[PDB]
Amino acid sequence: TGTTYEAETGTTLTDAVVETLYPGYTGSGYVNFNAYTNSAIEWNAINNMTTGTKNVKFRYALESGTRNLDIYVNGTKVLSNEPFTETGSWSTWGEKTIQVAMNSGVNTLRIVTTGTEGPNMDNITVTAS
């Protein structure tokens, strides 16, 4: 089974802030990206048992539209403009899972806005595929 990492703690934020306005988040809050481009959340301590493909499941809210994020693993961009589709409400928390390669031990994962801003981000769950 997996490990959940909160977006709001254990992370470095760039042009993004922790908030609690919309209910239903896990932990102490969620992250609101503020800039249409170059806002970011970086997890610096994702800790895996093995090297291989991981399921990374984002819990997020997005009232309308699709917003795209670049995704970096260990400093290298591995997904470009990955879509996050609407959930319908800022208090509807949906899920999106990507499959990405990661290493055993401690890894970093960063998600970055690229022109469409971002979903409000609650947490990620990482599971070996």
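Numbers follow the displayed sequence, beginning with 1.
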Completion exercise
Per the PDB entry, mean CA B-factor is higher for 41 to 49 or 55 to 63, namely for 41 to 49
Exercise for the section: Tell me which of 104 to 112 and 6 to 14 has the higher mean C-alpha B-factor in the deposited entry. Expected result: 6 to 14
Fill in the blank from the handout: Entry record, C-alpha B-factors for 28, 92, 68, 32; the maximum is at 28
Handout entry: Entry-reported Cα temperature factor of residue 127, expressed as the chain third it lands in
Key = highest
Practice task
Could you look up the Cα B-factor of residue 80 in the entry and say which third of the chain it sits in: lowest, middle or highest?
Solution key: lowest
